[PDB]
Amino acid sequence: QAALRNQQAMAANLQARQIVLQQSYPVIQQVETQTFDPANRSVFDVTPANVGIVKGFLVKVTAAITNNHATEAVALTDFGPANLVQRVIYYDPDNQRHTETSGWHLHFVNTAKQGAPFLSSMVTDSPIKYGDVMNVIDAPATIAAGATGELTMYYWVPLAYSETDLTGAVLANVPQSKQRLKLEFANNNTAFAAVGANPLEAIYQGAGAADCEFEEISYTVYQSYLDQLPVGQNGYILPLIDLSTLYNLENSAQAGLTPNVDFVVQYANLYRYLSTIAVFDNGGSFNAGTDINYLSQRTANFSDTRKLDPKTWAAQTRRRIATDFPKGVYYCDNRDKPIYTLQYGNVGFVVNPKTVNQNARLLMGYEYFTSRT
């Protein structure tokens, strides 16, 4: 029977993973640093090193922003420094595409995976001076007229699903085939939004936005990988299922929302969706659930497995990340039982809006597994 072959192949994959993790040599190492002015260039193609099993990339981004307006200030948007990177794209040595998503979606996934705001500093009552000492992720709440602010942001670009689950990792042992990590950074057009404009992709918004400009952006890419891979009789001990599976983040935009009607976003088939993020960009307005009747995941036979009002939806998210996502951002965890259908559209994500402004749209971000072939 073929079901036993599967059982055997998965047991062997798990065994190989455990052997690799036990015997391999975990390394994190810089591969590239660069400082630039986004007025000159904002898209960069980073070439990682071809060594061992690649697990992911830590992208450090710093920036200096000057407000040269005469009188008016500017204030952080909801996403703030998470919009320093507009887009990230990874291609493996076979030129197979993995993650392609926005900076803010990648950041929200980093938060979901950590269980708390990514790389944040928790506030406590400790008299010992713990706290925001090193400003790992940091941005001034406002930039006054004539002032210059310093920003720092970190993104984890995952290939492997986690430090102990190598599903999605990349074997980069061929010298000639090239990894490609594409970073598209913010610039003076995307980062600053005037009053009344849509702040989705911007870092600061306010009456002084027209006279704000980047002084510089700097990035440093660190590559996390496993060296000194174990070797056995038949050859390198490798988890074949893990290394032949893609773990990808992607996002898309959907429109056509109308008040009091279910707006359904179908899940594709053959993808194992681990998480879903839905941002209700209600025509440049981001509200704390007040413009939604309910959200749900639905099988299409009218059976809702979790049809909830917005506050109760947020309650489940508070159990995942110990806080709320920013206004208009809704998270759905399916990690223990991924959405997996055999026929396209057998499951959908549902938002029933109560208020729909002009140009309202739903930005969907997905976390999923899929096989190469």
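Residues carry their position along the shown sequence, with the first being 1.
Enquirer: Counting only other entries that model residues on either side of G208, is it left out in at least a third?
Expert: In all of the other entries, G208 has coordinates.
Enquirer: If you look at the other compared entries where the surrounding residues are built, does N234 lack coordinates in a third or more?
Expert: Residue status for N234: gap in at least one third of the other entries.
Enquirer: Name the higher of the two by mean Cα B-factor in the PDB entry, 320 to 328 versus 335 to 343.
Expert: Higher mean C-alpha B-factor in the PDB entry: 335 to 343.
Enquirer: With respect to the recorded C-alpha B factors, which stretch has the higher mean value, 310 to 318 or 24 to 32?
Expert: Mean CA B-factor is higher for 24 to 32.
Enquirer: By the CA temperature factor listed in this entry, which of these ranks top: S296, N260, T190, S224?
Expert: Highest C-alpha B-factor among the listed residues goes to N260.
Enquirer: Out of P127, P175, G103, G80, which residue has the highest Cα temperature factor in the PDB record?
Expert: Going by the entry's C-alpha B-factors, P175 comes out highest.
Enquirer: Using the B-factors in the PDB entry, rank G56's C-alpha atom against the chain and give the third, lowest, middle or highest.
Expert: Ranked within chain, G56 CA B lands in the lowest tercile.
Enquirer: Could you place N110 in the lowest, middle or highest third of its chain by Cα temperature factor, using the values in the record?
Expert: Lowest third.
Enquirer: Can you tell me whether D242 has a C-alpha B-factor in the lowest, middle or highest third compared with the other modelled residues of the same chain?
Expert: Answer is highest: the recorded C-alpha B-factor places it there.
Enquirer: Please place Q228 in the lowest, middle or highest third of its chain by C-alpha B factor as given in the entry.
Expert: It belongs to the highest third of the chain when residues are ordered by C-alpha B-factor.
Enquirer: Would you mind ranking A147 by its C-alpha B-factor against the rest of the chain and naming the third, lowest, middle or highest?
Expert: Tercile = middle for this residue's CA B-factor.
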